[PDB]
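Next up: a single chain in structure tokens, the form deposited in one PDB entry.
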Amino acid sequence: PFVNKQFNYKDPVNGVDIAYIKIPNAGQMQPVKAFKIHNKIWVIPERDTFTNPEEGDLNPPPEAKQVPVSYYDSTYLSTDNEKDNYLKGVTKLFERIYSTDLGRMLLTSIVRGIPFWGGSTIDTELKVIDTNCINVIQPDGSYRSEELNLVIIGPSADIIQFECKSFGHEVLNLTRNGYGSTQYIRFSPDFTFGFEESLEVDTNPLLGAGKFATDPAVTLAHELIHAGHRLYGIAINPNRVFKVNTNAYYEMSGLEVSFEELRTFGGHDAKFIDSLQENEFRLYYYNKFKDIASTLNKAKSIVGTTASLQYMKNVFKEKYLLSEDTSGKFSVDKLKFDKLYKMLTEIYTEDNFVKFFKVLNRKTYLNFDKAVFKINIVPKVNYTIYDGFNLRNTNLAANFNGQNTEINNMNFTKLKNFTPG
């Protein structure tokens, strides 16, 4: 959410909000300087060569296997000045998101979505799952395990491959069982995508569609929406995908889109999901919350020297919005679950964010992207928390000129056009 201080990459560690940390990975990782921009949320201004074991180097894949919608550059995020710019770019986008009521609500839901403490083989024992924490070097030197819900990290080899990923436990699908898990978002504020849009205002089209760029804040929000689903364990299985096409004869016609993506994008598209299908998951996740409520009712002990069992029971009461009687027994409110579920899945959508931001965006998640641009969101004369690229009191503030790559060409440097396909 809102970032109290204006972090500088050079600022010395203080253990408090600036520290050296290590991610729970099966690889020999060295500590990296990280920043806690808000309770439960950290930013690691580094290329991500830590999360995925088979992605420890920024080496691009064979030219052939290289998808048209991709881009490589090993120099990106290699210098302190770049890391500083990255840090400030991410912070600024969080403020832009938080500056809206919708963004404020999502960030609050994210902060309260602490992954559930279901890491024990003993059902009556609450225990934290190790992959939902980071190891932080304390001021004195030693490492200490700390919980967090979200980490924003730079991309790995493919600079424009943004995503929301996390570590799995064992036989538990943490992102789909109501438990949730710490989310790692590969993202960059230094690049954005191009898309065509026809703002025609007459009968017939003449000048044609203009070339516009996606507002980075929309992209981050999209990613935070995925994080919101995942932290609450209500993400839709990725094997649930929809088929779309104009003359789709039969048996896989036209690229496919997952239910998760569609739901996240929202808009008229999201309506491509029957109320039955939408009600089946609602029920499915309603039962998972009930199992969580039942686990907390039978809990008798807790592991760790951090929090007390009552504290964590309260923490999860606030997260799942559980009902509590006089004896202190928890239960899931059928109606309250409907509210929280609708919020996380129908209110927090890319479409609604586009509306609150008042910017131009692709009309469909399916709407292909033309090319990729280099941008600089840090300078106030290029982009602001409230207007984005469409600076008020300027010509950029008209007809989404600020996002027009031709008009505001000085704020967009093209790198590569997706020609192959």
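Residue numbers run from 1 along the displayed sequence. Only the largest set of C-alpha atoms that superpose within 1.5 Å between the two forms is called the rigid core. Residues that one form lacks are left out of the comparison.
Higher mean CA temperature factor, per the PDB entry, when comparing 202-210 with 142-150: 202-210. Averaged over their C-alpha atoms, the temperature factors of 223-231 and 288-296 are higher for 288-296. Residue set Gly178, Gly103, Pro155, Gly254: peak C-alpha B-factor at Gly254 (per PDB entry). Ranking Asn39, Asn361, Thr394, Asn382 by the C-alpha B-factor listed in the PDB entry places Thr394 at the top. Per the PDB record, residue ranking by Cα B-factor puts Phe368 in the highest third of the chain. Annotation for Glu318: CA B-factor lies in the middle third of the chain's modelled residues. Sort the chain's modelled residues by C-alpha temperature factor and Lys83 lands in the middle third, per the entry.
Per-chain ranking of the deposited C-alpha B factor places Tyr250 in the highest third.
Per the PDB record, residue ranking by Cα B-factor puts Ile137 in the middle third of the chain.
Keep in mind that the form solved in complex with a partner chain is not shown, yet the notes after this line are about it.
This chain is displayed without its partner chain, yet in the bound PDB entry the stretch 258-266 from 289-297, 84-92, 275-283, 258-266 comes within 4.5 Å of it by heavy atoms. Among heavy atoms of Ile160, some come within 4.5 Å of its partner chain in the bound PDB entry. At a distance threshold of 4.5 angstroms between non-hydrogen atoms, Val378 is out of contact with its partner chain in the bound PDB entry.
The shortest heavy atom separation between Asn382 and its partner chain in the bound PDB entry exceeds 4.5 Å. Although the partner is absent here, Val69 sits close enough that one of its heavy atoms falls within 4.5 Å of its partner chain in the bound PDB entry. Taking the core as reference between this form and the one not shown, the lone member of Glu318, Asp140, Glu280, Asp325 whose Cα moves by 2 Å or more is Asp140. Considering only residues present in both forms and aligning them on the rigid core, one finds runs of three or more residues with C-alpha shifts of 2 angstroms or more between this form and the one not shown at 63-68, 139-141.
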